[PDB]
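Here the sequence shown stands for residues -196 to -25, -20 to 321, where the numbers follow PDB author numbering.
The next block holds one structure in the form of structure tokens; read it before the comments.
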Amino acid sequence: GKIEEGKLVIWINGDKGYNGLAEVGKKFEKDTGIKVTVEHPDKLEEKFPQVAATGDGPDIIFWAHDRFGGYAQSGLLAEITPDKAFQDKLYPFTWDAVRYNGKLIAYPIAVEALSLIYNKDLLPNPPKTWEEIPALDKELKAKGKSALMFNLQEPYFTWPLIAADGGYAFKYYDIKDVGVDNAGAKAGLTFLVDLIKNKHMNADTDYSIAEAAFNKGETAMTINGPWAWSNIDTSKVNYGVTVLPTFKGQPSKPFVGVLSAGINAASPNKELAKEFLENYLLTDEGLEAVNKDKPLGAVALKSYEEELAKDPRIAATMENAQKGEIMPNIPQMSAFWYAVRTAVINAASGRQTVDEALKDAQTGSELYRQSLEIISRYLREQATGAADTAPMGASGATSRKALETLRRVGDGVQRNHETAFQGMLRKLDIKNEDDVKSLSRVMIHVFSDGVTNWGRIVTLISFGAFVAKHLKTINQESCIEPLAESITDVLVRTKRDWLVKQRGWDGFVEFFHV
Ligand SMILES: OC[C@H]1O[C@H](O[C@H]2[C@H](O)[C@@H](O)[C@@H](O)O[C@@H]2CO)[C@H](O)[C@@H](O)[C@@H]1O
Ligand SMILES: CSc1ccc(O)c(C(=O)O)c1
Ligand SMILES: [Mg+2]
């Protein structure tokens, strides 16, 4: 392979205690004589799938658990196999966060939730509601201070307000039912936008700016997680950590993350990685070394959490976590976050209205499942000759009309391209599940080139139907669903922006109408 044998390379995000983690690596190195290297690459969560796909990258990847389902689905993670005794050392619900399709795909490290952090010298009694913050900012501005600054560039930080009055990601998971465009989400984001319009916040505020402002005593409040407490300690700001404000009488609902460590499927060092994670890091001493660098939050290791739990900052973290919800770990989470990130930034800046911004995020978040519903149904009915009688469910009008349109347009495409498809198939030689995998790379290569239009998309899906018919004929009907998922994957990740701009499959229906 490409990853070196007999050594460990670990990647972790730059806002975490990577120096403390390096200490743990040194202790492992001292015992074993085996080199451990801790790195904190930029855009880590995007770099890992890029390099791991080629069979390269680190032996161990750290991130919140929401990204790991996508990694596992893409074949990038090893199943982990802790023995019963080790599993019993960590809280069951932390294991639940890293279970994907019935398998454990990472070691859980710690539970993270955003809290309200406030400067007790400026604001001894922090607001219980978001609604009182405009007036509070006016009081503070007279003193040369501001009420609240937090990172507006990452949707993680604005999510608790969006979800407060009823916004949600995926309905508990139906990846076709998304709640980012409902009345509650709209209310939450509008309030944020109004704060900006009324000069109580600045749309350009990012993590570094908000952190510097709070730690310099310029703003009374910020929103952040336990990793941020170390830098505040150093600043000597007199701070407290408490429950997030309510919105319209409802608790803010942070998305709860479990910091987790996965093992690269391509690593020749899986046993070394196991040893390091189970017997060095996930121990009282290992977590303490990391926690002393940047606080982890409520750790997954029971023995050590019983100590941390006595910390009021940790109690506050858990209180907020209990009002929030554990993030899904499904593969669509990345698309969801990118969609909502764009919506918040565009609404904040005025590039889009709140309504249009959240509409696009809805469409972006539902795109994979909506597309899969259509493509899967088309391929299966083409292969078998009979339609699926199951109700379409959520956004059923769109799915149904898109499928109707696809049948009508696809009929001609398959008829006209029949000879071309026969030739393509003979060259590719798709005979089983392994072949459909290889087919993906070919498609991502050819489909990326040239002007995008609905005609070309129908041709891609029509070839899919042609291949599905073939798979059925040679008694490989089980390969049709992974074929549909592969085509959907290619479509959605090469044409995402285009598709959202067309308003997804609604654009498709309108384009070919009558
Ligand atoms: O903003 C979307 C982003 O949110 C979460 O990332 C958090 C992470 O969980 C925290 O540990 C800390 O590093 O802050 C991040 C936000 O900047 C999701 O885990 C992540 O996948 C998502 O993109
Ligand atoms: C298997 S490559 C392929 C198949 C059908 C198509 O329509 C396209 C394309 O349009 O790029 C590519
Ligand atoms: Mg739109």
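Think of the CB as a built atom: it goes at the ideal place given N, C-alpha and C, for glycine as much as any other residue.
Within 10 angstroms of the beta-carbon of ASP(-109) lie fewer than 16 other beta-carbons, which makes it exposed.
The beta carbon of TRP(-38) lies closer than 6 Å to those of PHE62 in the same chain, with the five residues before and after it left out.
Rounded to the nearest whole angstrom, the C-alpha separation of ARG300 and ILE(-137) is 26 Å. Within its own chain, the residues whose Cβ lies closer than 7 Å to the Cβ of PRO(-70), once the five positions on either side in sequence are excluded, are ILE(-64), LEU(-61) and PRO52, listed in chain order. Per DSSP, reduced to three states, the secondary structure at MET140 is helical. A heavy atom of ligand 2 is found nearer than 7 Å to the CB of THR266. Proximity to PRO(-42) across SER245, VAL307 and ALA146 peaks at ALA146, based on C-alpha coordinates. Nearest C-alpha to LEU(-176) among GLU112, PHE83 and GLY(-122): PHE83. Bounds of any beta strand (DSSP E) do not take in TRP312; it lies within the alpha helix (DSSP H) bounded by 312 to 318.
The Cβ atoms of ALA20 and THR26 lie closer than 8 Å to each other.
In terms of Cα proximity to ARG120, the closest of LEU(-121), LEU(-81) and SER(-123) is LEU(-81). Taking 4 residues as the minimum length, the alpha helix (DSSP H) runs contained wholly in the region 141 to 201 are 161 to 191, in order along the chain. Using a Cβ-Cβ distance cut-off of 8 Å, the region 271 to 286 and the region 175 to 190 are in contact, since at least three pairs of beta carbons, one from each stretch, lie closer than that value. The shortest CA-to-CA distance from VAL151 to any of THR170, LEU(-45), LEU213 and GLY230 is the one to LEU(-45). Under the DSSP definition of a beta bridge, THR26 partners with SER(-51). Between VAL(-159) and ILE(-185), the beta carbon gap of about 7 Å places them in contact (Cβ cut-off 8 Å). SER67 is bridged by DSSP to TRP(-134) and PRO(-89).
A Cβ-Cβ distance of about 14 Å is found for the pair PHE(-47) and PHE(-2), leaving them out of contact under the 8 Å criterion. Between the region -90 to -74 and the region 123 to 133 there are three or more inter-stretch CB-CB distances shorter than 8 Å, so the stretches are counted as touching. Following the DSSP letters along the chain, one finds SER285 in no beta strand (DSSP E), marked with neither H nor E. Note that the C-beta distance between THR29 and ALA17 is below 8 Å. Relative to ligand 1, even the nearest heavy atom lies 7 Å or more away from the CB of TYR(-29). The shortest CA-to-CA distance from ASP(-19) to any of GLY(-53), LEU267, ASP236 and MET199 is the one to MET199. Ranking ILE137, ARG263 and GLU288 by CA distance to the CA of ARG(-98) puts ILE137 first. Within 10 angstroms of the beta-carbon of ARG(-130) lie 16 or more other beta-carbons, which makes it buried. For the pair of segments examined, the region -120 to -101 was found to touch the region 67 to 79: the number of CB pairs separated by less than 8 Å reaches three. The Cβ neighbour count for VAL249, taken over all protein chains shown within 10 Å, is under 16; the residue is labelled exposed. In this structure, the CA atom of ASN45 is about 24 Å from the CA atom of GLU95. Separation of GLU(-58) and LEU2 (C-alpha to C-alpha, rounded to the nearest whole angstrom) is 15 Å.
For ligand 1, a non-hydrogen atom lies closer than 7 Å to the CB of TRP144. The region 281 to 299 makes no contact with the region 200 to 218: fewer than 3 CB pairs, one atom from each, lie closer than 8 Å.
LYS(-7) places its beta carbon 8 Å or farther from that of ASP(-16). Apart from the 5 residues on each side of it in sequence, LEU165 sits with its Cβ closer than 7 Å to the Cβ of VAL(-13), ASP(-12), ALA(-8), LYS(-7), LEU(-4) and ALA150 in its chain, given in chain order. In this structure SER42 does not touch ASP100 by the C-beta definition: roughly 16 Å separates them, more than the 8 Å allowed. Annotation: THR196 to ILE181 spans about 13 Å, alpha carbon to alpha carbon. Relative to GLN309, the option among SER269, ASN282 and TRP261 whose CA is nearest is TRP261.
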